[PDB]
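For reference, the structure is listed below as structure tokens.
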Amino acid sequence: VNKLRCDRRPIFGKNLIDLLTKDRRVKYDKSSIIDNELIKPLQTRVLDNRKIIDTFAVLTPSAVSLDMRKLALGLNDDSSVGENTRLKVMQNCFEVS
Amino acid sequence: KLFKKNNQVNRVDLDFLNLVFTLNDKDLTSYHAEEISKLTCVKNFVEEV
Amino acid sequence: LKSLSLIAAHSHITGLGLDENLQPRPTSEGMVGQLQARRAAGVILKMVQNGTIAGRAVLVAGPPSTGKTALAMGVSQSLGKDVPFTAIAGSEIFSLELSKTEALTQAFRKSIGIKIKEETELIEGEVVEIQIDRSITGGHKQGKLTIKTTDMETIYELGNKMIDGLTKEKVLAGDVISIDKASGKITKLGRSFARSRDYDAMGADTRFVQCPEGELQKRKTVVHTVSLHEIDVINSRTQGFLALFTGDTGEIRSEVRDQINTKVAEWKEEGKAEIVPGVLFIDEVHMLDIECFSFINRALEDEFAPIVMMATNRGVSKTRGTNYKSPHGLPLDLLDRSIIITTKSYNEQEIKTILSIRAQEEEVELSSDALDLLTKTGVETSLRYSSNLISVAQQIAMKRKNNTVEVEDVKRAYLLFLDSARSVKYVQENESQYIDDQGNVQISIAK
Amino acid sequence: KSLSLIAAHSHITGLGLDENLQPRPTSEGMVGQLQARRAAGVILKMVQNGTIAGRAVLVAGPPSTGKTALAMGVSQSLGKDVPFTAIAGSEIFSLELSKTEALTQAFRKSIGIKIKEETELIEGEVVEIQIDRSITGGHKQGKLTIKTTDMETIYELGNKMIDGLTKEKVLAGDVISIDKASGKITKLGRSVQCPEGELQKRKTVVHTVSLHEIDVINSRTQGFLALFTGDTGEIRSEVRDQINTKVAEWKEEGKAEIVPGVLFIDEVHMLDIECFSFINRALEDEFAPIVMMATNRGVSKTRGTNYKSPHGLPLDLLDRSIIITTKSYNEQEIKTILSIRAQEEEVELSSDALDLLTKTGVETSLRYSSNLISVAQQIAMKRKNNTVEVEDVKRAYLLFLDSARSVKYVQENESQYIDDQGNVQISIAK
Amino acid sequence: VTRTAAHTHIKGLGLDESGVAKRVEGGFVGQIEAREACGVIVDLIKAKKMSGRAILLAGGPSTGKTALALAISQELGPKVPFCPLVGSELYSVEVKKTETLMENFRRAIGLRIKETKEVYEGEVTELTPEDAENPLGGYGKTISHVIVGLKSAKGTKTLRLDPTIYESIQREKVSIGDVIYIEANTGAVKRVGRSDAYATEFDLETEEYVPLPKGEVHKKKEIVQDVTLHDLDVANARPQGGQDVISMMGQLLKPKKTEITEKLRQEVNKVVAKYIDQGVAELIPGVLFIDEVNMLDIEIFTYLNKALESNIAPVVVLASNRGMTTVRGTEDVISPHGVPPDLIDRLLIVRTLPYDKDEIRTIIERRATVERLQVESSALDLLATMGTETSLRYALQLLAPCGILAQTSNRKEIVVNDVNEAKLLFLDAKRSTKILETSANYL
Amino acid sequence: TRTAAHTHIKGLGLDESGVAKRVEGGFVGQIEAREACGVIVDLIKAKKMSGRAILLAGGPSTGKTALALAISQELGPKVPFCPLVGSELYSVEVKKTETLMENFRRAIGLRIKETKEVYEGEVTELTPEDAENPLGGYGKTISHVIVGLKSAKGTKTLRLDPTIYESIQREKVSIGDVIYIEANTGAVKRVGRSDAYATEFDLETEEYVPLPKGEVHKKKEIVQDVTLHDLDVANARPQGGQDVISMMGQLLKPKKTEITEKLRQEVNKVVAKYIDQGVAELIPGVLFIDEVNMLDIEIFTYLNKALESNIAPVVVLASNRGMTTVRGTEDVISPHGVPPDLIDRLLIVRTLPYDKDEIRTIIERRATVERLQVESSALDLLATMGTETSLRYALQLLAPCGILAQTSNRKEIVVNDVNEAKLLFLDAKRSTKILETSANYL
Ligand SMILES: Nc1ncnc2c1ncn2[C@@H]1O[C@H](COP(=O)(O)OP(=O)(O)O)[C@@H](O)[C@H]1O
Ligand SMILES: Nc1ncnc2c1ncn2[C@@H]1O[C@H](COP(=O)(O)OP(=O)(O)O)[C@@H](O)[C@H]1O
Ligand SMILES: Nc1ncnc2c1ncn2[C@@H]1O[C@H](COP(=O)(O)OP(=O)(O)O)[C@@H](O)[C@H]1O
Ligand SMILES: Nc1ncnc2c1ncn2[C@@H]1O[C@H](COP(=O)(O)OP(=O)(O)O)[C@@H](O)[C@H]1O
Ligand SMILES: [Mg+2]
Ligand SMILES: [Mg+2]
Ligand SMILES: [Mg+2]
Ligand SMILES: [Mg+2]
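Chains as they are written, first to last, in the authors' numbering: chain A, 1125 to 1221; chain B, 1027 to 1075; chain C, 14 to 460; chain D, 15 to 205, 222 to 460; chain E, 21 to 463; chain F, 22 to 463.
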């Protein structure tokens, strides 16, 4: 136990976890501007273009092979991954929007 | 399965020996690491022994 | 001694042989001769140590095996630690992932260092016991916990947010923890030694620490030495800290660079961070693209431009990317904004002194006549050809198990391994056996 | 099975030889090239021996003179269960893979490994399946009845196989197979088939896997997908060293055996000099399949170099290899080959038409006649006569040009065609 | 049975204790000076003192260069790392050539690691959670400890485990009757499987069955696995831990080579030096071998000069056959062996001489004996004559089909008629060129 | 206090609408050049033109980049200015045309000014105001919410509409905590507890902020600026916490992509819509390219096409070459390496070499900048050396003389120190002569 404790101690963060956030920390305040309405990120553009997407999307992947998606992602009934880990993965995919 | 023949006879975890330090920065800070290195519980096992 | 102690080509040289008057001793710090070059190197070292000057380019010139790389290594050694010193080769910048200009920019940003200091107010101490009135009132009834150090111990009153935070990362007393005064962050340092005998198999995170000594809370300052390039890499990516180790920086845009420059200037004005100028060394710069030369010419005129030293053993030859031949292998515009240092070939006395210092370095003793023969051979041959012969002769003597290296062992070593001129002569005498430039070759001995 | 309409090498099957390695004048669609056929048979016996590996053999000859046919016959005579890789030289030039890595993968693809595993399984018509929910007396009770031609009994299901059987809908009366060791369910159809005997039987399953497939499988989290998508991406060398060591241990333990297949590279003359230099080393290692090459060109410039080398290859590689030369075909061989091709394509040829076709093939080329045979048939059923006459052959000959006639016409009318300098005339007058 | 590919008849350099090479030893004949030089190089490598020393050996084709480069590695032993290489393999699409060369350089030098681990293993007899009745205010509901008894052939033992190991084993989904594996160091828990004692519990069962382990319950052992620094760098750059979905996606992606920074190598060097100072590990320098170095570009040649001056640079050997040639990537720089003069100055030159007719005959005899074939004296003399006439490798390759030709006639000896028939069926380079000179369409 | 071949240039050295003085702003000589530069400065300050290109050509070490630095200084920090190199455009990640277009867009800037009314202070109390509902009902009805704000040197209470209830409930702020309320937009934002309540607990995870100074009602105007390229990259690059694309940005490497023209035109349209209201104010910048002789002919053609755009800003080019061949074409010979068509589209500004007296003045001004003192004899010797070898060699030699004087404990450089520097440090000509006279491959 002495050897294990002595060996488990010298685990050093290579740079830090506080250096990272101290260099992220921007002294510039919130300074809210019309940039919120000026940026319009990708998700907003996807959301507000519903009509065009609905009207102009036609083609389908005429040839498909079901159950290939699960195999490609490495999660299925039998694989090299643990059952609990894969279950957590599918749960996260279920709850991610 | 055929390739998973016992390797623990001739394998090293390589994380117990702190050779994968590249992920230590995700959760540990510098001052806490320095303190935990300074506050080792050594010399107590020697006393008990 | 901290680095790997394997003996390399440049191991004997340590620092510079200059004095406080910048006078190079004839044989000191593992270097021989080159008094003018050593004095120039000392002048450049003092220039760097002054730190008030930047954006200067210095050239090192000399035939092969004259001491240019040795001089650069000695300059780096004399500079010591805590000062960045980037040593790269010319062919290294040619990368498939990164443009050559971006590679040069990253190399420049690496060579300049920054010191940042931070102050923290932490309360670290073993907790005696925690009591919360979950039944008397319920819902953060303002519980109390006692923290003990080796010299002092008090009792603290805890609010609702304290209880909510402490519910996460549950603490069962008898543990050494540190609480943050500013953000109230709960950090578990380690358990006490009294819990060592609770079980026979511990968890991965289980650890034991001694009780902290002194005041319950302390004010401490920490200083970090992080160069700019790390700062740009970290700022560029959401998780850029991995990009340092992996190396896939990804061609950081100049916008992040100017933002980092503004931030650094602001920190310097506030006094939080200080700038430590460094040295960038490019070896074998004779090979490089002209675009790199033009970018170097433009970038040498910036405030954050470290002193750049380059070496080249080429004469008036063709420069890569251009058909014409330029003097010294470099375009003239770069030579305009540069200072050239020339090194001369060594003398027989210098050669034998260097051979003696090399033999002493490798823990190898030599006979006087053996040293004289080695010096005579190295005069006609090159100096670098003698060290390998010395090592081989020592191995032969060890095989014969007779103390020092003898003249016979050196002669046998020279017979076994040929010089470049001898190999050229032998190839020319037997040009049919070897493959010619046209692909024609003769295999069968019989005609 | 193995769907295919018609191939230029479809007629040839299995080469042709005797117990004394003496080629027959005509055996299984192979005509002529007696010395070449005997050398090919020698190489085939060398491959079947398996004692000697890492040797290079070269095939040389004029274009359209039994060069790819020899390799096809060697592959066919070698039979199945033996690796055989046939890749054109230009295939190795990949944008996402280094040429050296592609060459190494091709080399590894030609050595196959056979592994044997013994498994126990039960099968037969299922007549009764009962499954119950958990009670305090028992967590899960499940009884199923599998009936065969000889047997019909009931097994007890201990939870896990109950879950496996409930995972997919199973109805009584269909033939299924259950692997006890793996715990998987396989349905063989409905009772269409019939049972045979004992439910449980002893058998071994043998898998043939190449070294490259093993490396790809062990190189990733899910490597076997890269076997098909082709995104292996420069497998690390230590992986290959580890695979080699493990294969050596398996061979010494008898768990597996190696099959030194054949690697065939066509149009080697256009391969780069770096590829040849790498092949020089790759042919001298322990695991190295036999290598056969075919180059049409002779005394040309090696790609990647300025100088011209004999046969289009560097001299050292030629020293590392053994050269086999093919001879030009003769008229009596050409007519027999054309007759065999017509038989393969199911075309009836008159004697005079066959003689005229042989004369034309001798005059111009064999490929021209072997292409004209099919096109003449379209005119044949255009005239509604099954047999092909001289008139149809002449009509095809005048309708579809030859190389020499086209060259002569181009020389006569170079004004109409675009010149090398780009000059051309479109207007007729002036 | 046994496979032979232009090699495997060489078991080493074959040198005596005084360094004098015997005339015939270990599948080698002649080249006494080259063998002595290679033995000296072997001794220098085993000295474990010099770093970055480089030698180059030169000679005509089929002069034994590759044979010597393999014999030195054979003499070195499997423990010392030895990475063969070809000059063409450096050019990689994914990453620049310099990164590949540095990666191979770090692959060359090796290191061995010793660490002690204790393992609790055996069949699970029973497991019992223990819940403390005191809420203590700090927690709502948790098990104070879990008691598990382990059984094996030598005896049985009980254990007391903290809640973390209990959570791990519960995640492992292990009930009473399963053989498990507990690691004391990291707390790792893995289910080996169900003990074979319960094989007859059900008529059929998906679960495999494992025999009861030996050893009482708890064992102490150490591992002396040797790993080169490049594997350490790869593991540091490509971590395998973490259960995050992002980590699984990263694991799915193909491993692309990347330019590992010098900082990471410096940190690895620092920790390795600390461990070797502590005596827990030992560093073993290796050997890097590159064949056909003439294929290298001038940029790689230039970077080799900087690489060879590093602290941890191993011993590297080079092979070449060309004479007065132009370095690739240049225009007129003509240098011996296609190597720039500065690099030649940095290395040492070893010469390989051609072989005599008697030496060729002895080589043919040794090769034939290795292939387990019977050759008549007259046929062997004819083979020696024709090999001297065209090439040694031609005779060595022709040694193989003669066996098949003899087997076809059922004779067990090589006869002059058989080798003549083989020569008729197989042509050398000179005959092919001569017949290529006079032909219609490229022959 | 660091200098690198610059920082001694402070503006163009011009006067109030006239010919530039002889010595001003660290500039000596070349009056016509900096006069033309000032004319260009006035032209860009007019902010009416688009795609105006000028080019300056001259010998090496003739202040070509110095003039660009001077105009950059004269324009001011607010005006965008993007230095660039000819070798910058060659990017592996994306084609050169995209990089050039991105730099062009980065040259143009934009300024945003906003005014906000802020009601801030410590929350004295929160009391709803009851009133009779317009529709008959027994439920409680609230017409106003009374909030009291306390600050340094002033306190006040505000009566607000009852819809602020949602915001005040969301902010989880109760009593004695500083809050921020906007007048017209409404809503509230908690900023931290009052500093007076810090001592109320032995420990605290929550910071305490001091009370706002001045009146509770404030009227501050905020100014923010940003270039167009930043807007484009922000529009193109996705952002988010847990949407699939968010960590698809993770586990991968974000790289430059060819931004479509439809996104750029949409950004331009929204910018025009906002600037029509007076909130925005577009300010064109200046793009500076050095060693333009190194640009490819294809890049030259794309520059020719792009200079005719309606948003292209003013670009300035420098070249020190004469009758040369444009890269990418072995036969085309044009002055300064610029194709003749592109030269036809711009204006050429000449530059002349300096004289001995001008060289001496430059050396003395640089010495004053470097904070070291020289003697008259040493200064004359340095000027003669510069006129002999080159100006840049003399400029570089300054620091070694200072170091040598420091070693000799002297404060001023003498002839001996400059002689020691000249023997220790060589220039181009002596090195070339040594190369010619040596056969050791040096
Ligand atoms: N002052 C010196 N004292 C001792 N050895 C030296 C000295 N200068 C150079 N050397 C020797 O020269 C070698 C380095 O030569 P180098 O300058 O790298 O050649 P090049 O000029 O081709 O780069 C080293 O092995 C070193 O031992
Ligand atoms: N011995 C043979 N028997 C039957 N057909 C042959 C024979 N030799 C060649 N051929 C014909 O020649 C064609 C192959 O041409 P090939 O000689 O491989 O061209 P190349 O010499 O350019 O590789 C095949 O379509 C086949 O029909
Ligand atoms: N002295 C020798 N004794 C035995 N075999 C030899 C000897 N020299 C060369 N060989 C044989 O020659 C073959 C190829 O020689 P190699 O060294 O590859 O040629 P190169 O020197 O051109 O690379 C090897 O398989 C080896 O067995
Ligand atoms: N009027 C001036 N006053 C002071 N220094 C000047 C003046 N003109 C040029 N210089 C000097 O010339 C240098 C600029 O060189 P420059 O002509 O831009 O090089 P290039 O010709 O390669 O573009 C600056 O370092 C500056 O010190
Ligand atoms: Mg050097
Ligand atoms: Mg063919
Ligand atoms: Mg060879
Ligand atoms: Mg300039």
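Every residue gets a Cβ at the ideal spot worked out from N, C-alpha and C, and that includes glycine.
Residue closest to residue i, alpha-carbon to alpha-carbon, out of the options
i: D:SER307; options: E:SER340, E:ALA54 and E:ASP246; result: E:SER340
i: E:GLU141; options: E:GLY130, E:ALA152, E:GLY175 and E:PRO155; result: E:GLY175
i: C:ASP432; options: C:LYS460, C:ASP450 and C:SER400; result: C:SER400
Close beta carbons around residue i, own chain, < 8 Å, minus the five adjacent residues each side
i: residue 461 of chain C; result: What is shown of chain C runs 14 to 460, which leaves residue 461 of chain C out entirely.
i: D:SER380; result: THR417, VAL418, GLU419 and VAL420
i: C:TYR447; result: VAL440 and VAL454
Supposed close pair residue i, residue j - CB separation, criterion 8 Å
i: F:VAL292; j: F:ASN256; result: Contact doesn't hold; Cβ gap of about 11 Å is too wide.
i: F:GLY207; j: F:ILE185; result: 7 Å
i: F:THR372; j: F:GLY84; result: 7 Å
i: F:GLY306; j: F:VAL60; result: Between F:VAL60 and F:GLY306 the Cβ distance is about 18 Å, and since that is not below 8 Å, they are no contact.
Beta-carbon contacts of residue i that lie in its chain and below 7 Å, excluding the five residues immediately before and after
i: A:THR1145; result: none
i: E:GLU227; result: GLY213 and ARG214
i: E:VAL390; result: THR24 and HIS29
Own chain, CB closer than 6 Å to residue i, minus 5 neighbours either side, in chain order
i: residue 1 of chain E; result: With chain E running from 21 to 463 in the structure shown, residue 1 of chain E is simply not present.
Item to complete: Would you be able to state if there are at least three C-beta pairs under 8 Å between the segment 71-84 of chain E and the segment 67-79 of chain C?
Response: By the criterion of at least three beta-carbon pairs nearer than 8 Å, the segment 67-79 of chain C is not in contact with the segment 71-84 of chain E.
Checklist entry - Hey, is the segment 246-263 of chain D in contact with the segment 184-197 of chain D, meaning 3+ C-beta pairs nearer than 8 Å? => result At 8 Å Cβ cutoff, the stretches do not touch.
* May I ask you to list, following chain order, the residues of the segment 109-131 of chain E that have a beta carbon less than 7 Å from some beta carbon of chain C? => Of all residues in the segment 109-131 of chain E, the ones placed with a Cβ closer than 7 Å to any Cβ belonging to chain C are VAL115, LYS116 and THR118, in chain order.
Query raised in the report: Taking any Cβ of chain A, which residues in the segment 250-282 of chain E have a Cβ under 7 Å from it, in chain order?
Result: For the segment 250-282 of chain E, which is checked against every Cβ of chain A, the residues closer than 7 Å are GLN263, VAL265, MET268 and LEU272.
Give a yes or no on contact between the segment 362-378 of chain E and the segment 103-116 of chain E, applying the rule of three or more CB pairs nearer than 8 Å.
With a cut-off of 8 Å, the segment 103-116 of chain E and the segment 362-378 of chain E do not count as touching, because too few Cβ pairs lie within range.
TODO: Tell me, please, whether the segment 195-206 of chain F touches the segment 258-274 of chain F by the rule of three or more beta-carbon pairs shorter than 8 Å.
DONE: Output reads no: the segment 258-274 of chain F does not touch the segment 195-206 of chain F.
Contact between the segment 82-98 of chain D and the segment 287-294 of chain D (3+ Cβ pairs under 8 Å):
Taking a cut-off of 8 Å for Cβ pairs, the segment 82-98 of chain D and the segment 287-294 of chain D touch, as three or more such pairs fall below it.
ask   = Given a limit of 7 Å on CB to CB distance, which residues of the segment 151-169 of chain C reach chain F?
value = Listed by position, the residues of the segment 151-169 of chain C near chain F (Cβ gap below 7 Å) are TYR169.
- Which residues, taken in chain order from the segment 133-164 of chain F, show a beta carbon closer than 8 Å to some beta carbon of chain A? Within the segment 133-164 of chain F, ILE133 and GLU135 place their CB atoms closer than 8 Å to a CB of chain A, listed in sequence order.
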